[PDB]
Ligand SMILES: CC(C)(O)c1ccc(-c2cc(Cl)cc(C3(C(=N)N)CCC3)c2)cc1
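As a starting point, one isolated chain is supplied in structure tokens, in the form deposited without this ligand.
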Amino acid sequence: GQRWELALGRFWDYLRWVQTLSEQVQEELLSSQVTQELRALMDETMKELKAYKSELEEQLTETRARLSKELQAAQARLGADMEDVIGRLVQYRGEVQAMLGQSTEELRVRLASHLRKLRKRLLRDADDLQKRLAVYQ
């Protein structure tokens, strides 16, 4: 229940909703609302993660150099994963526009499948980051 974990949980819950591609999700995917709201949740997660690492550094027991660089890489992966999710949802909005009003059912099937894989990567990187934070502490 760290602050950054709760922020990530809000990003994660929002994204689990987007994954359903329900009527209201689809509406908000063609405006900028889903990507704006996800970006705000991503920014909060990253801000809290940075502050948490900064506070952990106050209670630390060449090895330090390596672990700090490894932790930085794991944080950067989490942020890139969230950016990749947002970018795929921006791509969807453009794909829909290019259809000129034709059915988007196939685009939605493909988006759902790809989102599942992006979410798997985000979750595995979150778990790796949490493990490194626990061992850093």
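Residue indices: 1-based, along the sequence shown.
- A chain break between residue 61 and residue 62 is present, corresponding to 4 to 9 residues of the deposited sequence without coordinates.
- For the segment pair 127-135 and 3-11, the entry gives 127-135 the higher mean B-factor, averaged over Cα atoms.
- Taking the mean C-alpha B-factor of each stretch as recorded, 96-104 and 49-57 are not equal, and the higher mean is that of 49-57.
- If you compare the C-alpha temperature factors of 29, 38, 71, 80 in the entry, 71 comes out highest.
- Based on the entry's C-alpha B-factors, the most elevated value among 42, 86, 65, 112 belongs to 65.
- Residue-level temperature factors show residue 34 in the lowest third of its chain, judged at the C-alpha atom.
Keep in mind that the form solved in complex with this ligand is not shown, yet the notes after this line are about it.
- Taking the pose of this ligand in the deposited complex and superimposing the nearby C-alphas onto this chain, the site is open, with no ligand atom within 2.4 Å of backbone or C-beta atoms.
- Remark: residue 135 does not count among the residues lining this ligand in the deposited complex, judged by a heavy atom distance of 4.5 Å or less.
- Contact between residue 25 and this ligand in the deposited complex is not found at the 4.5 Å heavy atom cutoff.
- Proximity of residue 21 to this ligand in the deposited complex: non-hydrogen atoms within 4.5 Å are absent; the residue sits far from the partner.
- With a 4.5 Å cutoff on heavy atoms, residue 126 counts as touching this ligand in the deposited complex.
- Every member of the trio 6, 9 and 12 reaches this ligand in the deposited complex with some non-hydrogen atom inside 4.5 Å.
- Contact residues in stretch 91-112 (any heavy atom within 4.5 Å of this ligand, taken in the deposited complex) are absent; none meets the cut-off.
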